[PDB]
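Peer 1: Shown below is the structure under consideration.
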Amino acid sequence: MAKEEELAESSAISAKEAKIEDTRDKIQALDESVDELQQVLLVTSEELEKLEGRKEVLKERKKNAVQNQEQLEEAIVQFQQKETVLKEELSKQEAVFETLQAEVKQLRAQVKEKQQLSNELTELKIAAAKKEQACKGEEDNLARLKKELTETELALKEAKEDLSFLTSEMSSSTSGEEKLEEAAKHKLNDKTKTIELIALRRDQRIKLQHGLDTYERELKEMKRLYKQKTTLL
Numbered sequence: 250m251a252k253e254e255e256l257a258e259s260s261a262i263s264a265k266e267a268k269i270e271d272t273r274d275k276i277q278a279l280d281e282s283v284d285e286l287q288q289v290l291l292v293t294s295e296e297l298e299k300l301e302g303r304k305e306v307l308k309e310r311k312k313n314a315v316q317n318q319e320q321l322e323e324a325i326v327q328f329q330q331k332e333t334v335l336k337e338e339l340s341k342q343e344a345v346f347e348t349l350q351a352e353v354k355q356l357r358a359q360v361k362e363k364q365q808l809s810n811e812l813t814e815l816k817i818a819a820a821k822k823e824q825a826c827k828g829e830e831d832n833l834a835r836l837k838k839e840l841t842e843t844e845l846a847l848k849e850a851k852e853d854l855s856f857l858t859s860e861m862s863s864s865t866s867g868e869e870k871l872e873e874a875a876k877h878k879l880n881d882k883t884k885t886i887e888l889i890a891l892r893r894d895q896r897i898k899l900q901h902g903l904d905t906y907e908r909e910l911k912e913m914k915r916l917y918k919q920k921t922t923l924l
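Residue numbers (the deposited numbering): 250 to 365, 808 to 924.
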């Protein structure tokens with residue numbers, strides 16, 4: 250009977266040796282659970298800096314577009330500036346044509362008016820073509836002066852060219868900004884939260900791995916005192 254409950258004490262060794270084999274299977278459930286999470290974190294991390302890179306593309310396209318937008322606004326201002334001058338000048342030079350042919354009609358008449808000697812009236816005939824020719828070209832020069840306004844006013848419709856260009860830097864970016872900045876900030880929270888699971892689960896297992904440190908040593912004596920007493924009797 251004395252030994253009958255010597256071994257009935259060794260039954261607890263089976264409990265501890267079972268609590269071990271039950272506990273080591275509690276840790277590895279998490280050393281691959283974590284492993285599954287580290288393969289998720291890998292994926293989540295890839296999407297962010299792919300997205301964060303895609304966000305950098307529009308920054309290259311606009312800052313290249315801004316150099317194209319501010320450039321055309323200069324042209325838009327420069328062309329309207331020339332157009333205001335040419336249309337003023339053409340009108341100003343058109344006035345010379347008006348004053349031109351007003352002097353020529355009086356010239357032919359006045360020289361003929363005195364004629365109603809004659810050489811002094813033909814001295815106006817010389818003054819006729821003198822006034823006529825000096826103001827014949829100005830009637831034709833301002834005509835071609837309008838041709839520079841036939842190029843500028845149309846160039847102002849190459850300013851509309853910027854707006855058409857711009858809306859492809861907007862609705863391609865604005866539809867892209869809601870496609871990038873919405874997702875890029877949203878893809879991050881999944882990344883950080885996955886790291887927090889791992890950090891906890893790793894800490895959750897080290898508390899059992901420290902539990903295992905005690906449990907695995909307690910057996911070495913349980914199996915020694917029993918072994919040293921088994922050699923006694």
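Beta carbons are placed, not taken as given, at the ideal position from N, Cα and C, and that holds for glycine.
Could you have a look at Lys848 and say whether DSSP puts it in helix, strand or coil?
Peer 2: helix
Peer 1: For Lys914 and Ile262, which I take to be in contact (beta-carbon distance under 8 Å), what is that distance rounded to the nearest angstrom?
Peer 2: 7 Å
Peer 1: Would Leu356 and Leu815 be called neighbours here (beta carbons separated by less than 8 Å)?
Peer 2: yes
Peer 1: Which word fits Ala875, buried or exposed, when buried means at least 16 other C-beta atoms lie within 10 angstroms of its C-beta?
Peer 2: buried
Peer 1: Would a C-beta distance cut-off of 8 Å place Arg893 and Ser282 closer than the cut-off?
Peer 2: For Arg893 and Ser282, no; Cβs fall outside 8 Å.
Peer 1: Can you tell me whether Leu924 is helix, strand or coil according to DSSP?
Peer 2: coil
Peer 1: Which of the three DSSP states, helix, strand or coil, is assigned to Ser259?
Peer 2: coil
Peer 1: Here's the rule: buried if 16 or more other CB atoms are within 10 angstroms of the residue's CB, otherwise exposed. What is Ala890?
Peer 2: Exposed, by the Cβ-count rule.
Peer 1: Suppose you measure from the CA of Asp274 to the CA of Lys911; what does that come to, to the nearest Å?
Peer 2: 20 Å
Peer 1: Along the chain, where does the alpha helix (DSSP H) containing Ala324 start, and where does it finish?
Peer 2: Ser282 to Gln364
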